[PDB]
Each structure stands twice: as structure tokens, then as C-alpha cells.
Amino acid sequence: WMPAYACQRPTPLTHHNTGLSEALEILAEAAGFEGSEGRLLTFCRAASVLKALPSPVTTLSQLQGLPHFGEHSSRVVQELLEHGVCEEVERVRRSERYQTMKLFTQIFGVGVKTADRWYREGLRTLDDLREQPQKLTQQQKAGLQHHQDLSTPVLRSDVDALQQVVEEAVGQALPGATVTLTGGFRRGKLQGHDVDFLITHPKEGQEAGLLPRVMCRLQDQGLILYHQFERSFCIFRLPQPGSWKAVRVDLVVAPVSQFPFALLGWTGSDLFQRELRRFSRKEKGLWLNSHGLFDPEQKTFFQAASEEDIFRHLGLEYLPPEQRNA
DNA sequence: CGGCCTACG
DNA sequence: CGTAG
DNA sequence: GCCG
Ligand SMILES: [Mn+2]
Ligand SMILES: [Mn+2]
Ligand SMILES: [Mn+2]
Ligand SMILES: [Mn+2]
Ligand SMILES: [Mn+2]
Ligand SMILES: [Mn+2]
Ligand SMILES: [Mn+2]
Ligand SMILES: [Mn+2]
Ligand SMILES: [Mn+2]
Ligand code: NA
């Protein structure tokens, strides 16, 4: 009917229940801030079910039988339908705790546990953090230094410019190596928090050692403001007319044997991939990550040449990236 | 009861 | 701990 | 919070 796992149904980028899903996602985020990943996941799964529906929900009746809707999520929807507002959601969004945890966790290098410690210490603003720089890692220092730019949506023109300089550096580092745009932009998003790239080479093994060489070539062109291997979480100095802006870029290398798995994982959405890995293990007895798909009884890895091969093997109807917006 | 994705830096 | 989708 |  409505399948229970998000990887079993198409979720388009544009859907029909934004008001309801956004309210449930507030509660999910707040559950995360209080350290309950289980409640976070339920609220995100409920919100995702609404994104997959073909029409607006207008009456409580339409939730009957939907997976991940129980008493709490149904009451939130009921109050939004009846009153236009959910008291619990409004109390969360106006709370000092929620607003400060959101502010701090949005910083690159800061998660819930760090944000919660700072909150318990009385810190409330970005200026509070900057005044106490000894309590910051180098990663957090970079996230705070570039926070304004990193809060500006990344546009497609930015993606295209970044893809060009990444392709130039990759080609200088290793002839024949390829760059694939992944992440939300591959799912059709028009804006993003960052740009994700996946790099490989058609000859297994030639990509060994590639990422440090790419990073050196980008840094020699003055393109790198921060970096810290096979995954590089960077901040680039992106030229703009007369100036520049900082942009988060993730660069990932995989051998071609792993490419379909890495492409699938890095294309998301986050919830889609968590649900796909859960489905794989719990329903099919196979272990999925961005490196492979492992049968733990035969002790063998599935050889995939495409994302479609992975969906088949898991017994799932193929979904293109633009239907993975769970 | 107890799981909730599964990696790398 | 942080990062990722 | 929901569900296997
Ligand atoms: Mn539609
Ligand atoms: Mn409740
Ligand atoms: Mn009422
Ligand atoms: Mn991204
Ligand atoms: Mn690896
Ligand atoms: Mn990214
Ligand atoms: Mn329990
Ligand atoms: Mn993400
Ligand atoms: Mn509980
Ligand atoms: Na963060």
C-alpha cells in the first residue's frame, strides 16, 4: 500500500505535504538534540511517508494504516489540520534550547554532544564561541570562520564552476580519472549546503593515492581554505566576480569495483540510504555500505556494475536519483 | 524487549 | 568525538 | 516513537 521502508517507494523532490512534514521534522530534530535517535528516526520516517503521498492530506482519516503514524505523529497532524498550528511544535521552535542547539549544530565540526556541552556551559551565540577559541578544534575554527558563507545556499552555477576545477585537478593528478557529481544535486536539488563529488578510474587500483595528489593540486591553485585518505571534507575558496566565497565540498575516491556502491550511498538521501541499509540487513540478510554488499553466510561480495544491479539484487524496484528524496 | 546505517577522519 | 549520504 |  504505502510500503514501510523509504527505499520501497518513490519520493519526488516536490511533494504535497510540506506543512505537515516540516512540523514532524522539527520534532525529529528536537529529539536528536535530546539524544533520542529512535524518536528522531520515527518522526523522520513519518515525515517521509507524507512526502511520498500523491495528494495533500486534508483529513485525519487519510493517515489510517500509514506506516510510522501512531498516536503522537497522528496528533501533530490532527492539530495542524484543525488549527493550522501544533502547540508542541511551536513550543519547541520558540525555545531557547532548540534555537541554540540548531545554531551550534549547523556549524561544521559541531554535533549534538558538543553543542549540548556548550549550551550547559551557558554559551548561546556564535560570538560566545569565538571569544573562547581555545575550546575549538581546527575543524570547528574553520566552520566558525566561514560560517556566513557556508550558510548561503550553493547554486548550480557554483556546482558547475567547482566541477570544472575539480575535473582539472583530477586530470592533472591521474589521466583517465573521472569526476561524478553526487549528493543532493544528483537527485535534482537546485540548491544545497555543499557539493559532493565521487572520483574513480576505470582501471582497478590506479586510483590508489589519488586524493592527496588532487588536494595538493587544488591547494597550489589557491582553491582550498580548509582540509584535514579516501574522503576529504573541504572548504574551497570559490572565485566570484571581483571576489570569492567559501563553499563546502566533499571529495571521495573509490576503486571502480566499489563505484556503484559509493555512487548509491553518496547520492542519498540520508534517510533513503539508512532505510536501504536497514532493509538489506533486516529483510534480505545482506550487509550494505558504500564499499559493497556482503552475504555473511557465503562470505562473498556482490559484484555490481550499476546502481540498478544493487537494487536487483536486494529485490527492490529501481528508483532513479530524483525519486530518492526520502 | 530492544533496534534504530555503517562507514571514514 | 567529528564527518557523509 | 514506532514496530518487529
Ligand atoms: Mn506529485
Ligand atoms: Mn507521545
Ligand atoms: Mn483541537
Ligand atoms: Mn551534499
Ligand atoms: Mn575504503
Ligand atoms: Mn557533502
Ligand atoms: Mn524499549
Ligand atoms: Mn547530508
Ligand atoms: Mn521510546
Ligand atoms: Na555540525
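Per chain, numbering begins at 1; letters A, B, ... match sequence-line order.
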Of the nucleotides D/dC3, B/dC4, B/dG9, which one has an atom closest to the side chain of A/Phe229? B/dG9
With a non-hydrogen cut-off below 4.0 angstrom, is A/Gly38 in contact with a base, only sugar-phosphate, or nothing? base
Expected label for C/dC1, using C1'-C2'-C3'-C4' where a positive value gives north and a negative one south, is north
Taking the side chain of A/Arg278 as its heavy atoms from C-beta onward, which of D/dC2, C/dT3, B/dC4 lies nearest to it? B/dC4
Between CG of A/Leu63 and P of D/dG1 the distance, given in whole Å, is 16 Å
Separation of the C1' atoms in D/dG1 and B/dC8, to the nearest angstrom: 30 Å
The complete set of side chain to side chain donor-acceptor pair (under 3.5 Å) pairs with one or both residues in residues 10-29 of chain A, sequence neighbours excluded, reads A/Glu25-A/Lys51, A/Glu29-A/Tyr98, A/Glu29-A/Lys102
Picking from B/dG3, B/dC5, D/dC2, which would you name as closest to the side chain of A/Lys282? B/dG3
A/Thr114 side chain, from C-beta outward: closest of B/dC5, B/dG9, C/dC1: C/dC1
Applying a 4.0 Å non-hydrogen cut-off, can you work out what A/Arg186 is touching in the nucleic acid: base, sugar-phosphate, or nothing? nothing
Classify the nucleic acid contact of A/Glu37 as base, sugar-phosphate or nothing, counting any heavy atom under 4.0 Å across all strands shown. nothing
Report yes if at least one side-chain N or O of A/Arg248 is closer than 4.0 Å to OP1 or OP2 of C/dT3; otherwise report no. no
If you look at every strand shown and take non-hydrogen atoms under 4.0 Å, does A/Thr267 touch a base, only sugar-phosphate, or nothing? sugar-phosphate
With a 4.0 Å cut-off on heavy atoms, is A/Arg324 in touch with a base, just the backbone sugar-phosphate, or nothing at all? nothing
Atom-to-atom span, CG of A/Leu41 to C1' of B/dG3 - whole angstrom: 10 Å
Single-linkage hydrophobic cluster, 4.5 Å side-chain cutoff, A/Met101 and A/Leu40 together: no
Would you indicate what A/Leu211 reaches in the nucleic acid, counting non-hydrogen atoms under 4.0 angstrom: base, sugar-phosphate, or nothing? nothing
Of D/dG1, B/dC8, B/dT6, the nucleotide closest to the side chain of A/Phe43 is D/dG1
Are A/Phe294 and A/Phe302, when compared by the centres of their aromatic rings, separated by less than 6.0 Å? no
Within this structure, what is the CD-to-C1' distance between A/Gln106 and C/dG2, rounded to whole angstrom? 17 Å
Comparing nearest nucleotides in DNA chain B, the 5'-proximal residue of the pair A/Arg45, A/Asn289 is A/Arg45
Is the distance from OP1 or OP2 of B/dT6 to the nearest side-chain N or O of A/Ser290 less than 4.0 Å? no
Do the side-chain N or O atoms of A/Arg231 get closer than 4.0 angstrom to the phosphate oxygens (OP1, OP2) of B/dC8? no
Can you find an N or O donor on one side and an acceptor on the other, under 3.5 Å apart, linking the side chain of A/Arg277 with the base of B/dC5? yes
For A/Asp116 and C/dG2, give me the distance from atom CG to atom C1', rounded to whole Å. 16 Å
note: A/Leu66, atom CG; D/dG1, atom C1'; distance rounded to Å ~ 15 Å
A/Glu275 atom CD is separated from B/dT6 atom P, nearest whole Å, by 12 Å
Salt bridge (charged side-chain N to carboxylate O under 4.0 Å, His left out): which pairs involve residues 174-198 of chain A, sequence neighbours left out? A/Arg186-A/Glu307
OP1 or OP2 of D/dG1 sitting under 4.0 Å from any side-chain N/O of A/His72? yes
If I compare all heavy atoms of A/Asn289 with all of A/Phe261, which pair ends up nearest, and what's the gap? O-CB, 3.8 Å
Figure out the NE2/P separation between A/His291 and C/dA4, and round it to whole Å. 17 Å
If you look at every heavy atom in A/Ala246 and A/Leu225, which pair is closest and at what distance? CB-CD1, 3.7 Å
Quickly work out the A/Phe185 CZ to C/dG5 P distance and round it to whole Å. 11 Å
Distance alone, cut at 3.5 Å: any donor-acceptor contact between the side chains of A/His147 and A/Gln106? no
